[PDB]
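Everything on this sheet refers to the single structure shown next.
Note on naming: letters A, B, ... go to the chains in the order of the sequence lines (proteins, then strands), and numbering restarts at 1 for each one.
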Amino acid sequence: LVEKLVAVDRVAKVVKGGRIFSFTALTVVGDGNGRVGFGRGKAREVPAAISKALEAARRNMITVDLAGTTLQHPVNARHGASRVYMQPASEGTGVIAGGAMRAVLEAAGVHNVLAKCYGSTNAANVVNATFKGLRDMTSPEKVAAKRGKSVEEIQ
RNA sequence: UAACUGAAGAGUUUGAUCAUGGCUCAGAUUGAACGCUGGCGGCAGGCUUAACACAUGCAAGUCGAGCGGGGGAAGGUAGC
Ligand SMILES: NCCC[C@H](N)CC(=O)NCCC[C@H](N)CC(=O)NCCC[C@H](N)CC(=O)N[C@@H]1[C@H](O)[C@@H](OC(N)=O)[C@@H](CO)O[C@H]1NC1=N[C@@H]2C(=O)NC[C@@H](O)[C@H]2N1
């Protein structure tokens, strides 16, 4: 189970006589064969935040139906002000995407893809958008099943 | 046989945050210029500004089988 650490930030909370500082971590876990999830963790110190983020990531996971090592069809997704576009690519292309998308795609097992961010590039929002796009991607078998047809009829 | 296959982000407003929005950076390119330095070859390129003013040499001649004159070389004959 591959685990990637997307971002770590230091945050502050004001109290009387000073500020309380903490750390937040965003992590993405995956199996490289169509299962992936992400999570966040907050703690007074970095390792505990990373562990909590990993625990949340393992709790929040989905299954993604890949077409080989690439996507089934072009995907448009958004979460808040972050919009993402993803496109299938031929073998040998690689993962042409930003780091936040790249972690999710590699953990899900995508090897060739072309991706783009529009709008805000906040790491958590971009991860949410990519996660939604991968979750909502469909496949020819599901399309044929829902239309009451055969995959050869669907083409 | 083949003639196309293609899209990455980062920094910076706040005690944290998310958004909006400018500014800045990583690329490719050049008839370039300047600074430091400098061995060779091949192939290209070389006043982007004053269509400002130009010394000097050269860059449009050739035909005597179109024509009449006119020149200067030799030869031969003659004499002394
Ligand atoms: N917001 C705070 C509200 C406070 C407000 N004051 C309330 C109030 O005043 N009156 C009450 C009125 C309530 C209202 N009638 C119900 C309502 O809001 N319906 C709409 C919201 C649906 C649902 N509730 C939220 C939801 O499904 N989120 C998921 C979630 O975050 C996460 O997936 C999971 N599973 O974890 C993520 C992928 O990681 O996908 C998100 N999905 C999405 N992201 C996308 C996005 O942004 N745009 C476009 C589309 O693509 C979106 N879908």
#### Entry: same_hphob_cluster(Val104(A), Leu54(A)) at 4.5 Å side-chain heavy-atom cutoff
no
### Query
Six-membered rings of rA60(B) and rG61(B): centres under 5.5 Å apart, planes under 30°?
no
#### Entry: Single-linkage hydrophobic cluster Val113(A)~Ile62(A), side-chain heavy atoms < 4.5 angstrom
yes
### Query
Distance between the P atoms of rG61(B) and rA65(B), in whole angstroms?
23 Å
Distances under 3.5 Å between nitrogen or oxygen atoms of protein and nucleotides 14-18 of chain B:
unit_1: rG15(B); atom_1: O4'; unit_2: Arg19(A); atom_2: NH1; d: 2.8
unit_1: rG15(B); atom_1: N2; unit_2: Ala12(A); atom_2: O; d: 3.2
unit_1: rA16(B); atom_1: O2'; unit_2: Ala12(A); atom_2: N; d: 3.0
unit_1: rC18(B); atom_1: OP1; unit_2: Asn122(A); atom_2: ND2; d: 3.0
unit_1: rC18(B); atom_1: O3'; unit_2: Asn125(A); atom_2: ND2; d: 3.4

### Message
Does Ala97(A) reach a base, just sugar-phosphate, or nothing at all? Heavy atoms under 4.0 Å.
### Response
base
### Query
Syn or anti for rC4(B), with syn set at within 90° of 0?
syn
### Message
With rounding to the closest Å, how many angstrom separate the P atoms on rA16(B) and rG11(B)?
### Response
15 Å
## Note on the structure
Here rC47(B), assessed by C1'-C2'-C3'-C4' with north positive and south negative, has its sugar south
### Message
With the cut-offs of 5.5 Å between six-membered ring centres and 30° between planes, do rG39(B) and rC40(B) count as stacked?
### Response
yes
### Query
Would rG22(B) and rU12(B) pass as a Watson-Crick or G-U wobble pair if both distances have to be under 3.5 angstrom?
yes
### Task
Apply side chain to side chain donor-acceptor pair (under 3.5 Å) to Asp9(A) and list each qualifying residue two or more places apart in sequence or on a separate chain.
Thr24(A)
### Task
Identify, via the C1'-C2'-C3'-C4' dihedral, which side the sugar of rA51(B) sits on: north or south.
south
### Message
Around atom NZ of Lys142(A), are there more than 12 heavy atoms from other residues, nucleotides or ligands closer than 6.0 Å?
### Response
yes
### Query
Rounding to the closest angstrom, what is the interatomic distance between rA33(B) and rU49(B) at atom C1'?
14 Å
### Query
What is the pairing partner of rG76(B), taking Watson-Crick or G-U wobble pairs with both distances under 3.5 Å in any strand?
none
#### Entry: Rounded distance in Å between the P positions of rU48(B) and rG31(B)
13 Å
### Span that lies between the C1' atom of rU30(B) and that of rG46(B), in whole angstrom
14 Å
### Task
Report whether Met86(A) and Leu114(A) are members of the same hydrophobic cluster (ILVMFWY, side-chain heavy atoms less than 4.5 Å apart, transitive linking).
no
### Query
Would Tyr85(A) and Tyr118(A) satisfy ring-ring contact (aromatic ring centres under 6.0 Å, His included), going step by step from the backbone distance to the final call?
CA-CA 8 Å; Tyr85(A) 171 73; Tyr118(A) 300 112; 7.6 Å; no
### Message
Does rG6(B) count as syn, meaning its glycosidic angle lies within 90° of 0, or as anti?
### Response
syn
### Message
Determine whether neighbouring nucleotides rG27(B) and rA28(B) are base-stacked, defined as six-membered ring centroids separated by less than 5.5 Å with an interplanar angle below 30°.
### Response
yes
### Query
Using atom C1' of each nucleotide, how far apart are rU5(B) and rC25(B) to the nearest Å?
29 Å
### Message
Taking the sign of the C1'-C2'-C3'-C4' torsion, positive for north and negative for south, which way does the sugar of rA7(B) pucker?
### Response
south
### Task
Could you tell me if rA74(B) and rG75(B) satisfy the stacking criterion of six-membered ring centres under 5.5 Å apart and ring planes within an angle under 30°?
yes
### Query
Within a strict 4.5 Å, meaning less than it, do heavy atoms of the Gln72(A) and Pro140(A) side chains meet?
yes
### Message
Please tell me whether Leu105(A) and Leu66(A) are part of a single hydrophobic cluster in this structure, the criterion being side-chain heavy atoms less than 4.5 Å apart.
### Response
yes
### Message
Please find the pair of heavy atoms, one from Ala7(A) and one from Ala123(A), that lie closest to each other, and give the distance.
### Response
CB-CB, 4.3 Å
### Summary
Judged by the sign of the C1'-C2'-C3'-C4' torsion, with positive meaning north and negative meaning south, the sugar of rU56(B) is north
### Task
Using a 90° cut-off around 0 for syn, call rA16(B) syn or anti.
syn
### Query
With rounding to whole Å, what would you report as the distance between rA51(B) and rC47(B) at their P atoms?
13 Å
### Query
Out of curiosity, does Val2(A) fall in the hydrophobic cluster containing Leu5(A) (side-chain heavy atoms, cut-off under 4.5 Å, transitive links)?
no
I'd like a table of atom pairs between the protein and nucleotides 4-7 of chain B - only N or O on both sides, under 3.5 Å - with the distance next to each one.
unit_1: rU5(B); atom_1: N3; unit_2: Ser90(A); atom_2: OG; d: 3.2
unit_1: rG6(B); atom_1: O6; unit_2: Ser90(A); atom_2: N; d: 2.9
unit_1: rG6(B); atom_1: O6; unit_2: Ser90(A); atom_2: OG; d: 3.1
unit_1: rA7(B); atom_1: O2'; unit_2: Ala115(A); atom_2: O; d: 3.4

### Query
Would you say the side-chain atoms of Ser120(A) pair up with the backbone N or O of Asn122(A), donor to acceptor, closer than 3.5 Å?
yes
### Query
Partner of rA60(B) by Watson-Crick or G-U wobble geometry, both contacts under 3.5 Å, or none?
none
#### Entry: Pair test for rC63(B) and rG45(B): Watson-Crick or G-U wobble, both under 3.5 Å
no
### Message
Checking understanding here: a glycosidic angle within 90° of 0 is syn, the rest anti, so what is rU48(B)?
### Response
syn
#### Entry: Base-over-base contact, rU20(B) with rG21(B): centres under 5.5 Å, angle under 30°
yes
### Task
Could you measure between the two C1' atoms, the one in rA26(B) and the one in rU12(B), and give it in whole Å?
16 Å
## Note on the structure
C1'-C2'-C3'-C4' sign, positive north and negative south, makes the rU30(B) sugar south
